[PDB]
Each structure stands twice: as C-alpha cells, then as structure tokens.
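Novice: Protein chains in written order, with PDB author numbering: chain A, 4 to 293; chain C, 23 to 65; chain D, 21 to 78, 97 to 303. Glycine included, each C-beta is placed from N, C-alpha and C at the ideal position.
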Amino acid sequence: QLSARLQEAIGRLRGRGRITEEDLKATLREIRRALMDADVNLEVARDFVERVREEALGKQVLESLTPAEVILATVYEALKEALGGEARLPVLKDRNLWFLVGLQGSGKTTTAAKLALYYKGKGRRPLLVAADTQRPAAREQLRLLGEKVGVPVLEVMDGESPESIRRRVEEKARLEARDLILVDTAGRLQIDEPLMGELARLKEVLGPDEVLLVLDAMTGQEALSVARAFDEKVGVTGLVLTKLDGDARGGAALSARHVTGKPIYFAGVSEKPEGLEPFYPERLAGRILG
Amino acid sequence: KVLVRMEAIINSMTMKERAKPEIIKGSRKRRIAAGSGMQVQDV
Amino acid sequence: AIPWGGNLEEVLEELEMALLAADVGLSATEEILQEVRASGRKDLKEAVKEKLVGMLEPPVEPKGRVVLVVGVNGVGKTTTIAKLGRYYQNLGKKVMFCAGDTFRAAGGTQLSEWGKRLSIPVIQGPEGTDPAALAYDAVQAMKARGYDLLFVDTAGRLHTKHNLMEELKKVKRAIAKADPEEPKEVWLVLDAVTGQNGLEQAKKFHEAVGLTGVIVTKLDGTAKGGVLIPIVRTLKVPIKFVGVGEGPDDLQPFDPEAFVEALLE
RNA sequence: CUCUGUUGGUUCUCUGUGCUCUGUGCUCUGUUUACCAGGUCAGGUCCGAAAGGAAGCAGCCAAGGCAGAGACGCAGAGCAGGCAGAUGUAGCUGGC
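1) Can you name the residues that DSSP bridges to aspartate 187(A)?
2) Along the alpha helix (DSSP H) that carries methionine 39(A), what are the first and last residues, could you check?
3) Between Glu174(A), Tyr121(A), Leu82(A) and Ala48(A), which lies nearest to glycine 153(A) when the distance is taken from Cα to Cα?
4) Considering only residues of the same chain and omitting the five flanking positions on each side of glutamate 158(A), which have a CB-CB separation below 7 angstroms?
5) With a threshold of 9 angstroms between beta-carbons, can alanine 41(D) be considered close to chain A, or not?
6) With burial defined as no fewer than 16 other Cβ atoms inside 10 Å of the residue's Cβ, what is the status of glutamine 239(D): buried or exposed?
7) Contact between the region 271–278 of chain A and the region 31–51 of chain C is defined here as three or more beta-carbon pairs at a separation below 8 angstroms; is this criterion met?
8) In the region 141–168 of chain A, which residue ranges form an unbroken alpha helix (DSSP H) of at least 4 residues, counting only runs that do not cross its ends?
9) So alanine 176(A) and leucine 247(A) are in contact, right, with Cβ under 8 angstroms, and what is the actual spacing, rounded?
10) Could you run through the region 225–256 of chain D and flag, in chain order, every residue whose CB is less than 7 angstroms away from some CB of chain A?
11) Quick one: give me the first and last residue of the beta strand (DSSP E) that residue 304(D) is part of.
12) Is it buried or exposed, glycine 293(A), if we count other Cβ atoms within 10 angstroms and call 16 or more buried?
13) Would you verify that the beta carbon of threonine 167(D) is, or is not, closer than 9 angstroms to some beta carbon of chain A?
14) Give the straight-line distance between the Cα atoms of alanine 30(C) and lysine 42(C), rounded to the nearest whole angstrom.
15) So, for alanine 115(A): in the same chain, excluding its five sequence neighbours on each side, which residues have a beta-carbon less than 7 angstroms away from its beta-carbon?
16) Taking only the alpha-carbon atoms, compute the straight-line gap between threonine 250(D) and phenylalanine 243(D) and give it to the nearest angstrom.
17) Is the shortest distance between the beta-carbon of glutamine 107(A) and the beta-carbons of chain D less than 9 angstroms?
18) Establish whether the CB of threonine 23(A) and some CB of chain D are separated by less than 9 angstroms.
19) Can you confirm whether residue 294(A), when its beta carbon is compared against all beta carbons of chain D, has any partner nearer than 9 angstroms?
20) Let's test the definition: count the other Cβ atoms within 10 Å of the Cβ of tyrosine 79(A) and tell me whether it reaches 16, buried, or not, exposed.
21) Candidates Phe297(D), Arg271(D) and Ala296(D): which alpha carbon is nearest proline 78(D)'s?
22) Residues of chain D with CB under 8 angstroms from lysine 246(A), in chain order?
23) Is it buried or exposed for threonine 198(D), if we count other Cβ within 10 angstroms and need 16 for buried?
24) Is there a Cβ from chain D that is less than 9 angstroms from the Cβ of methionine 39(A)?
25) Please confirm if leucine 46(D) has its CB atom under 9 angstroms from at least one CB of chain A.
26) Can you give me, in chain order, the residues of the region 213–224 of chain D that have a beta carbon less than 9 angstroms from any beta carbon in chain A?
27) DSSP puts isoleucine 74(A) in a beta bridge; with which residues?
28) Whole beta strand (DSSP E) runs in the region 163–225 of chain D with 3 or more residues, listed along the chain?
29) From which residue to which residue does the alpha helix (DSSP H) around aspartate 234(A) run?
30) Output the distance between the C-alpha atoms of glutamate 295(D) and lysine 71(D), rounded to the nearest integer angstrom.
31) Going by alpha carbons, who is nearest to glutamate 46(A) out of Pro165(A), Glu225(A) and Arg290(A)?
32) Measuring only the C-alpha atoms, how far is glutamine 61(C) from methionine 28(C)?
33) Whose Cβ in chain A lies nearer than 8 angstroms to the Cβ of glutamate 30(D)?
34) How many angstroms separate the CA atom of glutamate 207(A) from the CA atom of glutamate 174(A)?
35) Report the neighbours of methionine 37(D) on chain A: residues whose CB is nearer than 9 angstroms to its CB, in chain order.
36) Compute the distance between the beta-carbons of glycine 259(D) and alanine 300(D), then report whether it is under 9 angstroms.
Structural data, given as structure tokens:
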C-alpha cells in the first residue's frame with residue numbers, strides 16, 4: 004500500500020542487521036522528498052524530519068534487531084499526531100456563527116451545502132448567508148443548493164455596510180429560531196490588501212467562534228503562504244480539506260497546521276451535499292505515504 | 023456516445039413507427055439504418 | 021559533502037545519500053551499490069565515475103533534417119527550441135521554425151517573439167487548427183527553397199490521456215508522407231524538479247513515436263536532475279543536450295564527466 | 001275533304017334570357033401518402049488534420065392525391081316554373 008519512493012527506502016533495510024547513525028539520515032532524506040511530491044512545502048518537510056530524529060534515538064533504533072519496522076512505525080504515529088490525533092468535532096453552543104473562507108476555485112459554495120444537511124438530521128437548525136458579490140451568479144448558486152436540502156438563504160445586496168448585515172441576521176434567527184449560522188464569503192488572494200482588510204472588519208462586528216478555512220488538495224508549495232496570512236490578519240481556528248475523490252494525495256493539510264497549531268475538522272469526498280464524513284488522521288496517514 | 027445513437031434511430035422514424043413499434047419489418051429497417059448512418063443490427 | 025579517503029562503511033553510505041537526492045531511481049540505485057562492493061579497489065573516487073558513464077552511454099550532429107520536439111506540461115518546450123536556434127546558426131546551418139501549440143493560449147505567439155530576435159522565420163497558423171498538418175507544409179517549404187534543419191513544436195499533453203497520444207501518432211505519418219526517410223531524431227524535454235514520474239513518461243513516449251534522444255532543462259537551480267540514468271538502462275536511449283537557463287546562449291553540449299561531478303556535490 | 005289569322009300536340013337542332021348537373025382546364029379549400037430515380041434537409045454519420053465538402057432519411061415543401069363552397073369561361077345530357085322570341089315540320093283527332 005506504500006508509494007514508489009517509500010517501498011525501496013524501507014525495503015533495503017530488511018535482512019541486513021543493525022544500523023548506524025548515518026543510515027537514519029539516509030532514510031529521512033527520502034521521506035523529506037517524498038512529501039514534496041505529495042504537495043508539501045520544503046520548510047515544513049525539514050522541520051518534520053528533525054522531530055522524528057529525536058524520537059528514533061529515544062526508542063533505540065540503533066540497538067534494535069529489525070530497523071525497518073521501527074522507522075515505519077515512528078513516521079506513522081508522528082503524522083497521525085501532527086494532523087489531529089483522533090476524530091474531533093466542534094463544540095456546539097446555544098448560538099453558533101461559522102465562517103467559510105478560502106481561495107478561488109477551492110469550493111466554498113459546495114462545502115456550504117454539506118454542513119446544512121449533516122446537522123439538520125441530528126437536531127440543529129441551519130441558516131445560509133451569501134456575502135459573495137464580486138463573482139457573477141454566485142448568489143443564485145447557493146439558492147439552488149439551498150432548495151435541494153431545504154434551508155432558507157439570505158441574500159446580501161451590492162455595496163452594503165458590515166453593520167447593516169448583522170441587523171438582518173439577528174432578526175431571522177429569533178423569529179424562525181435558527182442556531183447555526185453559515186457565512187459564505189468571496190474568493191481572495193493572500194497578497195491582496197483591499198479584500199483582506201474588509202474580511203478583518205467583518206470579523207470584528209459579527210464576532211464568530213469557529214472560522215473554517217476551505218483548502219484544496221491540489222495546492223502545491225504555496226500552502227504555507229495562505230495559512231500564515233489568514234491567521235495573523237484575520238484569525239483561523241479550523242481547517243477543511245475538500246476534493247479527495249481523485250488521484251490527489253492531500254498533503255496541503257500538513258503545511259497548514261504546523262504554522263497555526265489549530266486542528267482539522269471536516270473532509271469532502273464527493274460533489275453531492277450528502278458526501279461529508281469526519282476527518283480521520285489514520286486514513287490520510289496511508290495516503291500521503293501511499 | 024450510446025445515448026445519441028439511440029435517439030438517432032428514433033429521429034429517422036415516422037410518426038406511425040414511433041407510436042406503433044411492431045410494424046417495423048425488413049423493408050423499413052434498411053431505411054432507418056441508411057438514414058441515421060447505422061447498420062441493421064443496431065436498429 | 022562526501023569524505024573520500026576513509027573507511028569502506030562510510031564511503032558507500034554517503035554515496036547513497038547523494039544519489040537518492042538527485043532523483044535517480046529504485047532499481048537503478050540498487051544496481052550501482054552491488055557493483056562497487058564486488059570490485060575491490062582502493063581509489064573509490066575514480067571507481068564510481070567509470071560506472072556512471074557506462075550507464076549513460078549505450097559537436098553533436100543530427101541524423102536527419104526534420105526533428106520532432108515532444109514533452110509534457112510545465113517543462114518549457116518553446117524555451118528549448120529558442121536555444122537550439124542559436125547553437126546551429128553559428129556553425130553554418132539554415133534553420134527554420136514551425137509553430138504547433140494552438141491548443142494552449144498564447145503558445146503559438148510565444149515562438150513568434152523569439153523568431154524575430156534570432157531573424158529565423160516561423161510557420162504560423164490560426165487558433166483551433168491541426169498541429170500535425172501544419173508540420174506537413176513545413177517539409178514542402180524545406181525541399182523547395184533549400185533549408186537544412188527544421189524543429190517541430192507540440193502541445194502540452196499528458197501520458198495518462200489516450201486521446202492526446204493518438205494525435206501524436208498523426209504527426210509521425212504526416213512527415214513520412216512527403217519524405218519517407220524523415221523523421222530520424224525525436225527529442226524529449228524533461229524537467230529537473232520531477233521525481234519518479236519521469237520514468238513513467240519515458241516509457242509511454244517510446245511506445246508512441248520512438249525516442250532517440252532526451253534533453254533536460256532547468257539545471258541552474260538546486261535540483262541536479264539525475265532522472266536520465268534509468269532511461270538508458272532499460273530503453274537504451276542516449277542523452278543529447280543540457281539546459282542551464284532561460285536565455286538563448288544558455289545551451290552547453292553533454293559532457294559525461296561534468297554531469298557526474300556536479301551530481302555528487 | 002287547299003293554306004291560311006287568333007289558337008293546339010310531339011321529335012329536331014339550335015340563338016338569347018338567367019338558372020341548375022358533370023367532366024374537367026386549372027385553380028381554390030379540407031383531407032390523404034414509409035423506402036421505389038423531386039427541393040430543402042435538424043441530428044447521426046461518414047470522406048479529411050483541418051479548413052472546407054458530400055450523400056441523405058424524417059419532417060415539412062412540392063408533386064400524386066381525395067371532396068365541397070367559387071365568379072365563370074368553355075360544353076353536353078337533364079326536368080319541370082317562365083310571359084315568351086327565330087326558319088321548317090309529318091302522321092291522327094279535334095275547334096276556328
């Protein structure tokens with residue numbers, strides 16, 4: 004079930020005997036470059052091999068009889084702890100205000116229809132808000148996906164102030180008694196300042212609890228520049244990894260938690276609103292290495 | 023490309039052949055096949 | 021850095037650290053280590069160098103007139119043809135270009151900008167046409183006027199898609215319709231940042247047209263680009279040129295002693 | 001068992017009066033017809049690399065077609081409603 008690069012790196016150590024300190028550095032350089040082909044940054048891949056190096060000398064891999072079964076077991080348990088550990092779900096209060104931010108073509112409008120059906124069958128009442136005004140037919144896209152699940156959508160006008168949006172959200176959540184509020188924002192870059200200063204103002208007036216970042220699985224080396232800019236200026240408290248249906252590995256989730264320190268919650272496996280399952284750090288541990 | 027080939031056989035048919043499919047015999051099967059660009063085995 | 025002049029256990033271990041970081045291979049790196057251990061030589065600096073030259077070897099002058107330049111996405115096929123037009127015009131050859139990147143946006147207009155700088159005429163066409171038959175009119179303009187070399191450009195296609203690989207077979211029989219001897223030289227453009235995906239690409243492009251030479255670009259960075267070693271082992275296809283930049287004069291010939299020297303550093 | 005004037009009956013064509021019936025001529029309108037040497041031909045094909053071309057069925061359209069309401073020309077075969085008109089009439093019975 005392993006990849007091409009990790010089938011020879013762990014496979015050559017079988018039936019040789021006891022290893023030295025120079026063999027550990029020769030195996031860890033292969034795991035460092037196996038991550039770069041699985042779409043992870045070079046600065047995160049260098050900080051990962053220095054963590055496993057200190058844990059290998061503590062478990063004694065030099066005096067062990069089987070070296071291949073120890074190194075493969077240390078990377079499997081270190082990657083599981085670096086992604087989250089176990090399957091953890093967000094804390095549900097009396098009034099929840101969630102935010103869905105991301106890049107262009109990541110699928111923010113697709114993830115907004117998935118969270119509106121998963122909590123509807125448990126006992127919570129959802130509510131959809133569309134803050135996307137720059138993209139044509141974006142307010143019509145969430146209206147068609149909101150009629151499929153049965154959740155009412157709130158449409159925001161062109162050129163509206165952040166103080167006037169809060170006046171309509173607190174009015175509809177009192178009469179119809181809605182607890183879960185889902186805000187869908189527009190697609191913006193990390194270096195663009197006029198759009199990032201408007202997002203920081205929208206966070207100050209409303210006051211959310213859980214801010215989710217929708218990141219794609221096909222994101223390359225630029226996965227560190229997005230997670231650092233959205234944490235210092237705005238404030239990310241959660242991560243979502245969409246589009247895991249193709250031949251993508253999904254290594255962009257490792258470069259996002261190393262700089263922030265915040266856990267990953269949900270994962271998307273299909274384009275349909277029914278396709279949503281919790282994040283398992285055991286399933287992705289055999290996909291990046293496989 | 024299987025769906026557009028099935029509609030292609032129905033488009034070459036008349037209004038009497040669509041409402042009553044049992045009248046399509048050996049003389050009619052060759053007219054529908056040559057009009058759609060298909061063979062006799064496809065109809 | 022590899023310490024040359026120590027014990028047998030430390031020289032063979034530091035050699036494995038430099039080869040696997042240069043994108044060599046799985047069964048390719050395991051074959052080199054078994055040949056040095058059964059040799060028995062004191063001078064281990066010249067022993068590994070004589071084995072790596074034999075793995076690569078099965097001015098450079100072409101076998102034919104029409105050359106087919108192929109490749110994938112993100113390698114820079116249009117950038118390699120701009121370097122090959124500067125090298126042959128200084129010797130005494132009459133070169134002519136041909137555009138065949140009408141599938142991608144601003145691909146056929148990219149070779150037109152480099153063609154006015156080198157004063158070499160390009161055979162262009164509209165957007166949405168066939169790149170196979172636009173190469174047929176380039177062979178008829180070579181035999182009638184009197185030109186020496188011709189370089190054909192291709193579109194950005196992958197090895198996984200079968201619909202774009204059958205379109206590549208239409209370019210081979212188009213040049214063979216006018217002149218039965220041509221094509222002779224088929225060159226492939228690869229990148230240095232590519233891992234073990236470059237081995238799967240070389241096996242699919244040899245089954246389609248038949249490769250006789252491989253070129254590698256972007257060698258000026260941190261990547262060494264030693265993905266050329268497992269190709270000459272199974273398929274027996276030699277290496278032609280190396281690219282050390284983005285400029286027109288940045289093209290040096292293949293030296294089997296200078297490529298091994300920069301690989302171990 | 002002279003013919004005449006008012007006056008009476010058949011078998012002629014006919015010429016005009018306007019009707020009515022049929023064929024048409026063709027035309028108008030409703031309806032009818034899978035392929036079997038019409039026109040245009042969506043898809044779907046084929047020929048090509050393409051640019052650009054071809055066959056070609058549905059439909060429709062035309063042409064064949066089936067019937068009536070048409071102004072009527074052109075015409076024959078029909079009756080009884082017509083005051084009644086034009087050159088002969090032949091037989092039988094009358095009335096003048």
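Specialist: In brief:
1) Residue mapping note: residue 187(A) aligns to position 184 of the first sequence, counting from 1. Looking at the DSSP assignment, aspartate 187(A) forms a beta bridge with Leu103(A) and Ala133(A).
2) Here residue 39(A) refers to the residue found at position 36 of the first sequence. Its alpha helix (DSSP H) spans residues 25–39.
3) Taking the first sequence and counting its residues from 1, one reaches residue 153(A) at position 150. Considering only alpha carbons, the answer is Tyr121(A).
4) To locate residue 158(A), count along the first sequence from 1; it is residue 155. The residues are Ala133 and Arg142.
5) To locate residue 41(D), count along the third sequence from 1; it is residue 21. Yes, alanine 41(D) counts as interfacial toward chain A.
6) Stepping through the third sequence from its first residue, residue 239(D) is reached at position 201. Looking at its Cβ environment, which holds 16 or more other Cβ atoms inside 10 Å, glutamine 239(D) is buried.
7) no
8) 144–152
9) Taking the first residue of the first sequence as 1, we reach residue 176(A) at position 173. Taking the first residue of the first sequence as 1, we reach residue 247(A) at position 244. Contact doesn't hold; Cβ gap of about 33 angstroms is too wide.
10) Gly233 and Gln234
11) Here chain D has residues from 21 to 303 only, and residue 304(D) is not among them.
12) Residue 293(A) sits at position 290 when you count from the first residue of the first sequence. Classification of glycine 293(A): exposed, given that the 10 Å Cβ count is below 16.
13) Translated into the one-based positions of the third sequence, residue 167(D) becomes position 129. Not an interface residue.
14) What you label residue 30(C) is simply residue 8 of the second sequence in a count that begins at 1. What you label residue 42(C) is simply residue 20 of the second sequence in a count that begins at 1. Rounded to whole angstroms, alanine 30(C) to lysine 42(C) spans 18 angstroms at the Cα level.
15) Counting from one through the first sequence, the residue named residue 115(A) turns up at place 112. For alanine 115(A), where only same-chain residues beyond five positions count, the Cβ hits under 7 angstroms are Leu103, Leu131, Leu145, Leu185 and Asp187.
16) Translated into positions along the third sequence, residue 250(D) becomes position 212. Translated into positions along the third sequence, residue 243(D) becomes position 205. If you take the alpha carbons of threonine 250(D) and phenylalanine 243(D), they lie about 11 angstroms apart.
17) If you number the first sequence from 1, residue 107(A) lands on position 104. Chain D, which has no Cβ nearer than 9 angstroms to the Cβ of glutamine 107(A), makes this no.
18) Working through the first sequence from its first residue, we reach residue 23(A) at position 20. So, interface residue.
19) Outside the displayed range of chain A (4 to 293) lies residue 294(A), so it cannot be described from this structure.
20) Locating residue 79(A) in the first sequence gives position 76, counting from the first residue. Label assigned to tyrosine 79(A): exposed.
21) Here residue 78(D) refers to the residue found at position 58 when the third sequence is read from its first residue. Nearest C-alpha to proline 78(D): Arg271(D).
22) Here residue 246(A) refers to the residue found at position 243 of the first sequence. Near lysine 246(A) there are no residues of chain D at all, since even the closest Cβ is about 18 angstroms away, more than 8 angstroms.
23) Mapped onto the third sequence, residue 198(D) falls at position 160. Exposed is the call here.
24) The sequence position of residue 39(A) within the first sequence is 36, counting from 1. Taking Cβ atoms only, chain D reaches closer than 9 angstroms to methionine 39(A), which makes this a yes.
25) In the third sequence, residue 46(D) corresponds to position 26, counting from 1. Chain A contact via Cβ: present.
26) none
27) Here residue 74(A) refers to the residue found at position 71 of the first sequence. For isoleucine 74(A), which the question treats as bridged, DSSP gives no partner whatsoever.
28) 187–190
29) As a first step, residue 234(A) is located in the first sequence; it is residue number 231 there, counting from the start. First-last of the alpha helix (DSSP H) with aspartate 234(A): 226–235.
30) Here the question's residue 295(D) lines up with position 257 in the third sequence. Here the question's residue 71(D) lines up with position 51 in the third sequence. The alpha-carbon atoms of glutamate 295(D) and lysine 71(D) are separated by roughly 11 angstroms.
31) In the first sequence, residue 46(A) corresponds to position 43, counting from 1. Comparing Cα-Cα distances from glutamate 46(A) to each of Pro165(A), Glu225(A) and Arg290(A), the minimum goes to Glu225(A).
32) Locating residue 61(C) in the second sequence gives position 39, where the first residue counts as 1. Locating residue 28(C) in the second sequence gives position 6, where the first residue counts as 1. So the alpha carbons of these two residues sit roughly 12 angstroms apart.
33) Counting from one through the third sequence, the residue named residue 30(D) turns up at place 10. By Cβ distance, chain A contributes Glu25.
34) Position 204 of the first sequence, counted from the start, is the residue given in the question as residue 207(A). Position 171 of the first sequence, counted from the start, is the residue given in the question as residue 174(A). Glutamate 207(A) and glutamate 174(A): Cα-Cα distance of roughly 19 angstroms.
35) If you number the third sequence from 1, residue 37(D) lands on position 17. Those are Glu25, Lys28, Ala29 and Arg32, listed as they occur along chain A.
36) On the third sequence, residue 259(D) is found 221 positions in, with the first residue counted as 1. On the third sequence, residue 300(D) is found 262 positions in, with the first residue counted as 1. At a Cβ-Cβ threshold of 9 angstroms, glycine 259(D) and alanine 300(D) do not count as neighbours.
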